[PDB]
Amino acid sequence: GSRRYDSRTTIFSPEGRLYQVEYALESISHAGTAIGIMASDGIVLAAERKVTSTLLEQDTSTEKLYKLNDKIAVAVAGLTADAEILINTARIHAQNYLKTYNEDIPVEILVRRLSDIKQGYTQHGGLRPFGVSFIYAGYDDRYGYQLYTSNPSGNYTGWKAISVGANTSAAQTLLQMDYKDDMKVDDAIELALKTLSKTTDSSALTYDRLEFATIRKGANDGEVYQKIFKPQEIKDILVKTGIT
Amino acid sequence: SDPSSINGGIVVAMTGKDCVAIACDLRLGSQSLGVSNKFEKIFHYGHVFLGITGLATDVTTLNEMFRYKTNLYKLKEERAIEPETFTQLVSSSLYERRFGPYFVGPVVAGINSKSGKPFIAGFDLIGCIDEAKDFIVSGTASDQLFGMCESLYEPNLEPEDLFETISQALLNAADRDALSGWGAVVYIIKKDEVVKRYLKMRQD
Amino acid sequence: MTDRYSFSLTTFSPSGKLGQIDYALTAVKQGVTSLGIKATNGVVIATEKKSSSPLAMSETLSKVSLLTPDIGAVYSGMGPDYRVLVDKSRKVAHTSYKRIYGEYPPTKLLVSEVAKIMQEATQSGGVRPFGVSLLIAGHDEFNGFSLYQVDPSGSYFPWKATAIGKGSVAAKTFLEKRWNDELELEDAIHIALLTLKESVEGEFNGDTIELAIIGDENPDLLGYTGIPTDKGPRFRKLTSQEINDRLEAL
Amino acid sequence: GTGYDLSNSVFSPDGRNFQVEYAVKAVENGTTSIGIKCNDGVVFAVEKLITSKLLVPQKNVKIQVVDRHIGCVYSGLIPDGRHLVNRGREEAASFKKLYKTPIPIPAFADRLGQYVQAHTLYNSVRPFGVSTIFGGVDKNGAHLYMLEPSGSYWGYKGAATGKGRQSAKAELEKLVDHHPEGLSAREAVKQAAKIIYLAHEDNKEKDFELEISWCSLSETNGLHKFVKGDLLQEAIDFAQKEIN
Amino acid sequence: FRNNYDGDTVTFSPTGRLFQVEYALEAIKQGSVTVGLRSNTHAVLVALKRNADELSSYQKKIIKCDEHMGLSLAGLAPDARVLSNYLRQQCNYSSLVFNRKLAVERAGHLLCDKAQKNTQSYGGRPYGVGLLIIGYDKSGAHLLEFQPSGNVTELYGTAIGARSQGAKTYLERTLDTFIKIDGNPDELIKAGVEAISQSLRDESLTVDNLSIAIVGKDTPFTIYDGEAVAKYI
Amino acid sequence: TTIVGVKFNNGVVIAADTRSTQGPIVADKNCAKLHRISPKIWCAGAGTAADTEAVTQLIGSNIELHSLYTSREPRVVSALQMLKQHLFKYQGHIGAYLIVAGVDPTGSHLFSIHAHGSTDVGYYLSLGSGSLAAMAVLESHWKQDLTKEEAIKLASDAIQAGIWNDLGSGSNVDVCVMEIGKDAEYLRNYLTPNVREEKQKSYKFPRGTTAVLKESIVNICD
Amino acid sequence: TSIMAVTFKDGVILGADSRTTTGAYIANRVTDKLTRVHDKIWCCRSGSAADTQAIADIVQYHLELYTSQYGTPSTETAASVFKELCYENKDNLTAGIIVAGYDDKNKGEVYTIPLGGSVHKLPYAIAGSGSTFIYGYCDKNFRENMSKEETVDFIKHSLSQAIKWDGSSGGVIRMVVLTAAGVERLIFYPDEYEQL
Amino acid sequence: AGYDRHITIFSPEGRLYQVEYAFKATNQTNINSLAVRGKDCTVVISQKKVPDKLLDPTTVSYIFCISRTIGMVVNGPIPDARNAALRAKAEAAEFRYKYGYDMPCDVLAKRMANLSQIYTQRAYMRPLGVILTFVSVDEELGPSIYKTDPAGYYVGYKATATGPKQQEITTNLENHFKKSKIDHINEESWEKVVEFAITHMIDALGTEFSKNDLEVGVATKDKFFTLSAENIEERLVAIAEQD
Ligand SMILES: *C(=O)[C@]1([C@@H](O)[C@@H]2C=CCCC2)NC(=O)[C@H](CCO)[C@]1(C)O
Ligand SMILES: *C(=O)[C@]1([C@@H](O)[C@@H]2C=CCCC2)NC(=O)[C@H](CCO)[C@]1(C)O
């Protein structure tokens, strides 16, 4: 029969752990590091591009920062292709919500739905889980700025500052060292770059190896704006923050 | 009986010199009973405008559907949808319900952001596209609108002039239609700016 | 009967590797070299026609395929897998885009579609990943020219120039030396021919080489006249003769 | 490595399908049965081992008819044989229903062939544990066939399978040589009764019961009928006589 | 060897054997003995009912499928229930649609085919029960032996279950005798009880331990248990 | 509607009027009834506009995919087979009445398909309410071995019979010529015999004529 | 419509008018109602043009796959495939079909499949609105084993009468000759058959 | 782990053993075949071997009539060959019904190759242990030979050979074409093309053939047919009166 070749991707270990989830997490740990920092007036998403070449087109590239909504974005750590599958269904869920209630979807509701999808691949179906971890940066009029994280297990949590991917241990300790509740978006942007800068497995931290985004409520307006920095924009902020 | 004669309403779009205008009445009734004088039939996704006449529930549904689709479009294409492309999206979306159609009369208006060329188009309830260079009419007073437009209209009118024309076409057609009126709104569209003006008309 | 293989054939190993993706990539490595170079006014993709026999008719086998009139693809790895990927790509360009918006999809989106098809063969029940890496070149009004690579995992990335397969490491290095952002299409074609020569063991001519470009519209390749807005496909496969003419100026 | 013989549709390094081959062993371990093509028909005969005196004589019929002009006999797992005949019957009814005319032997043979071959395509099914000798008369002549567990089949002048297939084949080859002009239905019936008695030596330990059937354009009108009474006994004797 | 080829019914061993089927056959041998024999006017089923404790009942081993047909089981009782229930429907179908009583030979063919499907496909399992079917149809009295392998055979008499070989040799000897017990049920039954006791060893057939069933010429298939079998102990 | 097809010595030509109606009202004075299935296989449609357009594009899409798959030029008999089997399936509910023509590796072809799925072959054909005025001209002037120019003329005159005599037809004449060895040539508005005379007066209004209640700028930028 | 198939000494001939109408309008005056479903097995179509085409197309498909596997099909087998389609879909079809074929063993054969989907083998058959007018004529003039010339004449005269009285019949008379010699296409113009 | 050799999934070397082993199965019949293109015909030769005296020689064939115009010769076990033939015939018929014209030889080839590619990718389907050589005189391409294998691969050939002694036939044919400088047998009659085919078959295999040692198929405009023992004998006689 077929049973012979079934890996059984959804069973418990004698210790009560989920093999595939643990191995997927192991996979994520080798992915470029992504960081999320929540400030009083905004949120920052920063990510290190794993592997790069002189010939890689960076102006037309995006492998870690994706817009889900006009008020929600995510940073990816893991299999890009797996991420895109989830990203697309997330984009649809947001629209369904909007069409149903004529209100943008609250950040947690969208995060919970995506995590629930992940949880599924964990309990039935016999399929491998998605080798992906997300950092969600969004805003809604009930909780304002929020920062979430979800991993292969389908579990999610909220943070003031958090990281996913490689060297999270080191990154978390550095963040837990310099983060302060009254921080400001600009302070946060700097903290993010500094943290990545000290955790990079690469020589130096150049602009061509980074993706940056912020969700701020531009005072001169009254609405929420998402800014996915352009190569030159990252190059600029890299010099200013004193990393040249 | 006729789903397109229950709520009433009209929409009309015109092309001018480097501009387009789309106007509509504000009535929503239940046969002889007037119910709302604030039912706008024009919507916009980015710089593309869409007016819908016909069964109100379908007008509302279609707008919500196109908002939904143009949002996903922008997210994937990473650019706002254009008039010509949207027109195709409308047509295929309507035909998809070929044997259980939405009882509406859509009208698209806008300026191509890259070519600056003005654009308008109309559709029947199952998607047939009508891409006129001059004007497009829709609604319970469409015969009257055809009469107004065919006479009042002339090419390359300037924004301020087209405004007067489109308004007179709308207003006088609505006054010969029992199910249209109770307010009107006109949209003057240019590459850079869009002005919306509410007109003053009879309220009977 | 009935496919009872409803479980994944690609799973995570303790180290976090996805075995089958890895193995698929290894299959790609053994494949004949193929490359793509983006110029300021076009893109060129090329590969070698490794005829498996002199009795075979190498023309009856195209490694470079037209996906849409403005997008083409080439690969390295398992030819049969590529062939069905092309059928599926051509079709998805219609079902998921042309039949909806009345126009062909932009390069990145079609690439996104192909990538999805491939990602699914990495997780769906009862299948193995595709043993190929594609290089897709195309043009669209709002993005201009572009070049993309799609791997067995479903991952894709934009390139200015790159190579895949057998001598990809060396070829990529040679491309880094000759590439600049002011290259004209003919220059890219020339660079492409040089890069491919290092990878070819035997005969090197217009009959052993397959090359296509994405450039200006070819109204002569439209098939009809009357629609001002229809100017022709930007995709064009070079003829054996066109190649040789350029080989003399090698 | 090894284990290539554990799953049904698996190719071994030498390109064989071991499960099909093991099925053949079940066939060789079965009773011997044969078929003889005559000048205007075909004859089928089989060996029926009498396990004990308790078996009601003449009751457990093994030869089966398909439609009204086809006979089928087989060696191996009897149930598998019936299964194949039930299918052949549906196959024959379908053909008649659509085309009006009863199914031609060649056409019928392939119907059985594709079905048996089908059972060597997946590991969710087991190959057929029988070799089947069948045939009849149609629009243009008589036809004899033998179908192996692999789905392989060919037209035959004479055929045998089971325990004593070698003896039988040997005897059949003699007939073929000594009768280039063709045997008659009447003769084939006797000849068949003999071949079976002879081939019974490879199982001479248990007593047996003979069973014969035929389909002759002149003797049965092209319809399949069982040899009974006088004609049967006459053939029994012809054999009992030449066995000494 | 065996261990690598007995994991499921869809696998042939190197010698052409189907172990799962053979293991199923083993469940029958572990079953209580039952006997079947017929003359030209009647057919009889004699079964030794087995009990769990001395506080338990002796599990029924005879099932009526129609007014003219029934059977005895040896092995997994649930499988007997499934197979007999299928036979009840088949008999029933024959009556309702063709107003015809189902031929015992046809019932044997249907059972053979039902059992066969569970020996060639993945996921299922062979039936683990043996059955002896008797009936009186348009061609007289009949007795059939059903094996989970799908093999069904018509006999004058036979036995299945533990130590069944005793009764079977007895019948194979008593053949010429009982086969002529026409017009006399009690004689056929006694003959059946004599054959079954040829497989005793543990105890002796008691009143709540013996189970008999008969069908024939002017006798609708009927079961006798307890007091009703006393006159045979 | 008036649509026609006319074969000539080395190809085929199809033509159509440009009026689109909603009951007795002219919704479009210059619609396009000539559709492209593939580069050299064009179609003229009558009946339900959304249907002729939708059916033409669907088969067109599949024809393109078939062409790519077979590495061959699309054949008219293929578009015909796909159209008729599609229309037959919908039992006439898809109101498409078409005149399909074109050139392919096997020559030049001219066919007609009705909503229910039946097809016809001929040297000259016409469909639509203008069908009878057009056919009257074709039956009166057609002849075998027409030159390209003669065919265009005959076809063009047939549409005119319809424009002038059929209330269901009007405005302009669109033509498409498909010749065996050349590119298909689409002649949009090959004839425009119905230009509106200058109006007697200008209705341009003096600015300020319209009473306005409220005014505001609409936000387009995100 | 007026269609007929007639068996004779050397095989069989099919004949038909060439008119298709939509009301009083003649949509096609040169229609070909004689359809090939196999080299020597053709049919005459009446009723719905759309229905009979779809049926014929499917029969041709079936006989092609039949040939690929079992060789050339008998005319009876072809009539059976037609029947299956017409009977099983009687509620949604309006098709009166005459099936005619030439076998070497069986020579010419004719099967008529009327509206309900029943099959009838006959020496000859007539169908279509126009046939009603020639029942008497055909019954008086048909003879078995006629020559090719006689048969062509019988059909030509019969159909000319059918076309004469039936407004639904007209145009030219087409015929298809099916014999061992092969397949022959005949056509007769108005000026010829009208003055018979 | 070691199961990457039982189903069609990649081995650490990126190989598909089951597809390789399926190729092994193609030579199981120990039969060799070859195909050549004439000026306006296509010929396929195939050894015919009937060992058993009890077999009806007339029913032993590895050549099939797929459609009126397409012919197909198979190298591999007969049951898998017949599976392929049935499918090919069904595909050929459906194509005509849906698209209005006869399915081209190369298209049928691509179709069958695609089906094969799938058994290569889906675990529950095993590859068929056969190589299919399709021939015809395409209305657009003229004489055509397209062959497909268990890998889902296919291509057109000027001429080709298949079986245990494939290589010897191939080099023989290669040499001939290096000499002639053209890509077909410049002969007007298929009879002579068949003769060329058999001649080179003999040279390359170093064997003589009787009328029952061969099997022949010929494709011409609008038709593909196989020769009879006698049509063959007439062929053998002709080549004899040259050597
Ligand atoms: C002609 O058939 C038709 C046209 O309005 C359409 C328009 C565009 C393409 C298909 C043809 N169709 C109709 O239904 C109209 C007549 C109704 O009596 C008209 C104008 O003839
Ligand atoms: C004849 O039966 C019929 C013909 O138009 C069709 C045309 C082609 C093949 C089938 C026969 N059928 C009709 O419905 C027509 C009359 C409509 O009033 C006619 C001419 O009788």
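Below, chains carry the letters A, B, ... as their sequence lines are ordered, and counting in each starts from 1. Counting starts at 1 for both ligands and their atoms, following the listed order.
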(message) Less than 6.0 angstrom separating the ring centers of G:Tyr124 and G:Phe142, yes or no?
(response) yes
(message) Could you work out, with side chain to side chain donor-acceptor pair (under 3.5 Å) as the rule, every residue matching C:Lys98, not counting sequence neighbours?
(response) C:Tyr104
(request) Provide the number and element of each atom of ligand 2 under 4.0 Å from a heavy atom of G:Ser46. (result) 2 (O), 10 (C), 11 (C)
(request) Check G:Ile41 against G:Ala78 and note the closest heavy-atom contact, atom names and distance. (result) CG2-CB, 3.6 Å
In residues 164-172 of chain G, what donor-acceptor pairs under 3.5 Å come from side-chain atoms, sequence neighbours left out?
| from | atom 1 | to | atom 2 | distance (Å) |
| --- | --- | --- | --- | --- |
| G:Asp166 | OD1 | G:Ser168 | N | 3.1 |
| G:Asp166 | OD2 | G:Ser129 | OG | 2.8 |
| G:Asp166 | OD2 | G:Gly130 | N | 3.1 |
| G:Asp166 | OD2 | G:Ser169 | N | 3.4 |
| G:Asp166 | OD2 | G:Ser169 | OG | 2.8 |
| G:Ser169 | OG | G:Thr1 | N | 3.4 |
| G:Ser169 | OG | G:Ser2 | N | 3.4 |
| G:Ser169 | OG | G:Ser2 | OG | 2.5 |

(message) Using 30° and 60° as the class boundaries, would you call the ring planes of F:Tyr186 and F:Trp42 parallel, tilted or perpendicular?
(response) parallel
(message) Applying side chain to side chain donor-acceptor pair (under 3.5 Å), can you list everything that pairs with C:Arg99, at least two apart in sequence or on another chain?
(response) F:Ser61, F:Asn62
(message) For the 3.5 Å polar cut-off, considering only N or O atoms, please tell me whether G:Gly47 and ligand 2 meet it.
(response) yes
(request) Using the six-membered ring wherever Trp is involved, compare the ring planes of F:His109 and F:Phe111 and label them parallel, tilted or perpendicular (cut-offs 30° and 60°). (result) parallel
Give a table of atom pairs where an N or O of ligand 1 lies under 3.5 Å from a protein N or O.
| from | atom 1 | to | atom 2 | distance (Å) |
| --- | --- | --- | --- | --- |
| ligand 1 | 2 (O) | F:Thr1 | OG1 | 2.3 |
| ligand 1 | 2 (O) | F:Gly47 | N | 2.8 |
| ligand 1 | 5 (O) | F:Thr21 | N | 3.2 |
| ligand 1 | 12 (N) | F:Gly47 | O | 3.0 |
| ligand 1 | 21 (O) | F:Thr1 | N | 2.5 |
| ligand 1 | 21 (O) | F:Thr1 | OG1 | 3.1 |

(request) Between G:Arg19 and ligand 2, find which residue part has any heavy-atom pair under 4.0 Å and reply side chain, backbone, both or neither. (result) backbone
